[PDB]
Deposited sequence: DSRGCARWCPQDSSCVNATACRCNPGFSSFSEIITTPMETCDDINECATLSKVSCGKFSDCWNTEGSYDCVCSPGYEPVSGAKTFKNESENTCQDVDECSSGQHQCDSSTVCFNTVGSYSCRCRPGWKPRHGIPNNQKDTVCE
């Protein structure tokens, strides 16, 4: 029809005297009729991203991301639903991404990894075996 100039932040005119929140935002009424009304971000993460992932809420949207220790097989850094989820555990030992001390051997775990002595070396004082910072002698 026409276009109200006074639409509040995150809403768009639907005609000369009314607005509607943009996708991803909500207001008390389905149709906004005054500039005092507000369009608040909807937290999609509190309403499924699938395995090994986290949901991060944003303004007007949200993103699923593989959790730390996992990475998408498909390469996509962000996704929207379980159907697009390609997160798999990162094998830090095979990939050489681990930061183990030359005195230990990397041992892959799901979501993480650790470093162990060689089971003839022994851990230096104050540091347990089977940790990322393990150092032996």
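> Enumerate the deposited-sequence segments absent from the coordinates, judged by C-alpha atoms, in order of position.
Since the structure holds only modelled residues, the stretches it omits are 1 to 2, 50 to 53.
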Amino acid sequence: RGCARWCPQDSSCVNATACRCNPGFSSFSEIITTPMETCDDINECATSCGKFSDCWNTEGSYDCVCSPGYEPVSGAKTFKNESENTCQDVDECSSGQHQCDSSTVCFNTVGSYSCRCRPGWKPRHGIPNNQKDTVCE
From here on, numbers count along this sequence of modelled residues.
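> For the C-alpha atoms alone, is the average B factor greater in 108 to 116 or in 57 to 65, going by the entry?
It is 108 to 116.
> Looking only at CA atoms, which has the higher mean B factor in the entry: 93 to 101 or 76 to 84?
Higher of the two, by average CA B-factor, is 93 to 101.
> Choose from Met36, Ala46, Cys39, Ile32 the residue with the greatest Cα B-factor as stated in the PDB record.
So the option with the highest C-alpha B-factor is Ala46.
> Is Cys7 in the lowest, middle or highest third of its chain when residues are ranked by C-alpha B-factor?
Tercile = lowest for this residue's CA B-factor.
> Lowest, middle or highest third of the chain for the C-alpha temperature factor of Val14?
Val14: CA B-factor falls in the highest third of its chain.
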